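Asks: Mind having a look at this structure? Questions to follow.
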Amino acid sequence: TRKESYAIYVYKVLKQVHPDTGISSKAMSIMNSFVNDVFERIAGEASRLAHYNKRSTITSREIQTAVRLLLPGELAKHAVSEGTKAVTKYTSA
Amino acid sequence: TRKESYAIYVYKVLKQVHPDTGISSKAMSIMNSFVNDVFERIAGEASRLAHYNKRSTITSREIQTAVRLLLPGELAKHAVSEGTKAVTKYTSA
Amino acid sequence: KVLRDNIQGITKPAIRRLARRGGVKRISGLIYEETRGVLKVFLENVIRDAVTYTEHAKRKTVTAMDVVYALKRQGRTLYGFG
Amino acid sequence: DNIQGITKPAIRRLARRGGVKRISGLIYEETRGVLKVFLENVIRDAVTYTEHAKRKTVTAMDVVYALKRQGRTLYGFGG
Amino acid sequence: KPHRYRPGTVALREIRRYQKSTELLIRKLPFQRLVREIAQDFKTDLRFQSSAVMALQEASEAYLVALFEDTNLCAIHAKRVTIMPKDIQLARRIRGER
Amino acid sequence: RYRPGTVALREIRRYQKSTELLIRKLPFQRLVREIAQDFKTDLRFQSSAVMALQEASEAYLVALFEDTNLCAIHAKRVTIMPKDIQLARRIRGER
Amino acid sequence: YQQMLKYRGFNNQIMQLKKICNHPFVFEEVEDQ
Amino acid sequence: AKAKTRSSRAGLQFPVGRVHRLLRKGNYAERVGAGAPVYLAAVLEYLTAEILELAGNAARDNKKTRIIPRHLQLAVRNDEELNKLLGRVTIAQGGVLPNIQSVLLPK
Amino acid sequence: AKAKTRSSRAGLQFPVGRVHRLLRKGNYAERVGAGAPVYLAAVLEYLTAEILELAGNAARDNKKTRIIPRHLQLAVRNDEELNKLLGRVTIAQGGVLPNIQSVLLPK
DNA sequence: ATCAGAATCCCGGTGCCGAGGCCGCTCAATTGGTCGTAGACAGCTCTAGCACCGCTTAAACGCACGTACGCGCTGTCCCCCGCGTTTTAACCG
DNA sequence: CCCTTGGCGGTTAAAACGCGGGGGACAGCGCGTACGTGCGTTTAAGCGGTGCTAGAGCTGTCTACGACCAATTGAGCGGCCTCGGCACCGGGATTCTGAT
């Protein structure tokens, strides 16, 4: 049985922000439950937005509006900025 | 465009409980939004219970546990009683 | 057309009546402005959620359904309007 | 019994963490009552999720789904 | 001398009166202009259905009624019959709204 | 001897400084088992589950004493009272 | 033996018989009644 | 053979078929069992029957033979369990239960 | 041709493919677009980067090079927006921000 | 402890617009068949959970004692209520 | 195409403004008792270590069961009519508040 997690990814991002700082296993578990939490939130709001507008497909627009609903203020603005840049670079190349 | 509702059904149940009493249109709208609300609650809890236990099928057991989670106390007991009786009579005949 | 001082349109007797229904016997003179601030905050929240829904649907009209989804979005369910 | 096993110094410490300076002598019984309430509310849900899976063991995931079920989210124990 | 009620009786009669009926306590047009002003800061040139404004009026009035209930509980807990701003912001501090 | 109220403040800084759990394991575990007896008999508990109930319970009581302290201070008193607790639980909507 | 063995709350089946053949009074409620 | 509605088999007044459709197209799970719409429809029938029962009793107490949102507000909030379920709900045209704190009354 | 990961195309460290799978099997909608996992993974990367940034700053302020749950409690609650997002969250081993009401201090 | 009197309940009468029943007209609910597959059931492994005692020691408990503060009481003053008059913006069409 | 916005005019309930004054917010003061604080004494918590085994966890079949498509039709719905329960009013009897 292989149970996957986000551990190595939070580790990589941590080494990007603070290359000299490590993280304990418990804090890694907290980060994992955080990523799963926020993921389920944005996915749920995307499902609601897709159901109310009568569409069967989740696109980047529904995820964008869901981010603008969940994240207050600057988290929403910078989050939509980073995500839009990521989809931009993704489909451009 | 035909927009369906629960109006006539709440009307029938009302005529079962109180045959002599009528209901205003606004109260019928409140009852409609109530039935839709509770429906989305039980269905959502059933989806969560089906996802956590790793099963792709919603059966009467998941709906039962969802009712026992949402409805406090006697509403849960009598609700599970009536529902179990309904499935009983349904599959029996 | 810039609209200003419309929150002052909420009248002292109005808020007074709301408190009379809420069970308040005697009201201090400083309740009013604070109540206007709180109401303005609440309306900013609910209206930014509803207008967000309306922007997502590419519609120019804010339907009552959007307001219901904003209130249910915040955790306050409003029956009767859909 | 058991609920009395929660000690006057324990509740005293929990109040010291919350910022309470001085404590009345009647806070203890009320705190035990509230704790018993909350524990019943969470444990009935955790036992519900346990019985649904047809298991005799109450795991950490059941308690996490009971806390998230009641609106208080917990991290670090899985989710 | 003109007959006058002792202070606090009219307030109680108003309590029973307004708690008796379902009437809406805020006038339509001012509340609608307020909603439109607040909505101007988000997206310009928006259309509102009447049932939407009525919805915001229902939720707003009910929210303020509950807020004045809890505020009244705070004021009475302070051994005072007069609610104060610190009672309001106290209730909004305990509810977790700030 | 210290003036009354100084040791209380030093304890406030001490316990607010660390992460230590303030309730002893075995009594809390026996309490959880007793409360669980009334639902389904003969249940098994993992250690992480009891630890979870201890985390949620202690955090909940800490927040409850924070809001209760806010009520007592709003009453112009430094001593929390049961009416402050049940007041906070009345305003939160838990009763 | 047959009644308390018929109860089958947990771990008792071994614990129940060792006590009752030694003492009935080790159980608090039994000694009380 | 003549088609008989599944709602009439279990003795339910609610549309078991419609509930089944909403469970299929509601994006809840990938598959839906055969007992879910019957059981769920029965639960909804119990809840609706109770709330309409209390609403009818309140309407009879107010000497009105037509149920109004006020009678739903009273019928719900006067009941403990339905108040615990609907505690987060704001009912339109509901009003407030008549209440006065005993300390505010003259003496 | 040599397969290149979609996470490396957009410049994301998070598994765009795994997010896509979770959106497909999560019973969210019936169909999932091609920009949803990229955009969502980017948002998660921003949030994680911020919370780990504040956690690293708090750890550096406490003279500890290993992040502990206390540093997450402080790093979150000291920030306004993350406190507004996580306000309903109870973090294990978090503790409480040091606070004393100014009226309780001696004078 | 009691009448003057202002507000409220009660009762009879009247007019109306929404509740309630009817009637085409669908289109989704029911039936009949297949077809693959999720899970029901039996079996096997072995891990962590259960009870218990030995032994040490940090914490709890009981108690003596002081004084800090909660609460009752009093006086002051100020400010919000009850009512009249006048104006205006809500309301309805 | 229908529901929103905009305008206009007439009514009038409601809001603003003022003005006495009585009761409640607030400060001060004093008492008594209840809780903090420290010390000696128990006492179970914590840690360890033993013995057992129940049920978590995984697998392998194998089959009833639900998805899916074709055929069919009747339950529910939109449009359309009554008519009566309830809003509104006008008068009278009753009740609750306040100064003798």
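Here chain E follows Swiss-Prot, giving residues 38-135 in order.
Backbone N, Cα and C atoms are what each Cβ position is placed from, and that goes for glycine too.
Under the heading S-palmitoyl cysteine, Swiss-Prot lists E:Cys111. Residues or ranges marked as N6-(2-hydroxyisobutyryl)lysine in Swiss-Prot: E:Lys57, E:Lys65, E:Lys80 (among others). Sequence annotations record features per position, and here Swiss-Prot assigns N6-acetyllysine to E:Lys57, E:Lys80 (among others) based on similarity to another entry. Residues annotated as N6-methyllysine in Swiss-Prot: E:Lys57 (among others). The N6-crotonyllysine feature in Swiss-Prot is assigned to E:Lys57; the stated evidence is similarity to another entry. According to Swiss-Prot, the feature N6-glutaryllysine maps to E:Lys57 (among others). Feature annotation from Swiss-Prot assigns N6-lactoyllysine to E:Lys80 (among others). Here Swiss-Prot flags E:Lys80 (among others) as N6-succinyllysine. The feature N6,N6,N6-trimethyllysine is assigned by Swiss-Prot to E:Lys80 (among others). Summarising the annotation, Swiss-Prot assigns phosphothreonine to E:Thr81 (among others).
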Asks: Distance between the residue listed as 'S-palmitoyl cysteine' and E:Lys57 (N6-(2-hydroxyisobutyryl)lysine) at the Cα atoms, whole Å?
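Replies: The separation of the Cα atoms works out to 24 Å.
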Asks: Rounded to an integer, what is the Cα-Cα distance in Å between E:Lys80 (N6-lactoyllysine) and E:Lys57 (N6-(2-hydroxyisobutyryl)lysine)?
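Replies: E:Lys57 (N6-(2-hydroxyisobutyryl)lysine) has its Cα 40 Å from the Cα of E:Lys80 (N6-lactoyllysine).
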Asks: What same-chain residues, at least 6 away in sequence, bring their CB to under 8 Å of the CB of E:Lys65 (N6-(2-hydroxyisobutyryl)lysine)?
Replies: E:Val90, E:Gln94
Asks: Using a 10 Å cut-off on Cβ-Cβ distances across all protein chains shown, tell me which of the recorded positions (E:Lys57, E:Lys80, E:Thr81, E:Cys111) has the largest neighbour count.
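Replies: Its Cβ has the most other Cβ atoms within 10 Å: E:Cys111.
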Asks: Check each of E:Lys57, E:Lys65, E:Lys80, E:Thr81 (the modified residues) against chain F and write down, in sequence order, those whose C-beta lies under 8 A from a C-beta there; write 'none' if there are none.
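Replies: Correct list: none.
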Asks: Taking the Cα atoms as reference points, how far is E:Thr81 (phosphothreonine) from E:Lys57 (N6-(2-hydroxyisobutyryl)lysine) in Å?
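Replies: With the alpha carbons as reference points, the distance is 40 Å.
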Asks: Using a Cβ cut-off of under 8 Å to chain H, which of the recorded positions E:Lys57, E:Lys65, E:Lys80, E:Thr81, E:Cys111 qualify?
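Replies: Listed recorded positions passing the 8 Å Cβ cut to H: E:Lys57.
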Asks: Under a three-state reduction of DSSP output, how is E:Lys65 (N6-(2-hydroxyisobutyryl)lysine) classified: helix, strand, or coil?
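Replies: Once the DSSP labels are grouped into three classes, E:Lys65 (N6-(2-hydroxyisobutyryl)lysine) ends up as helix.
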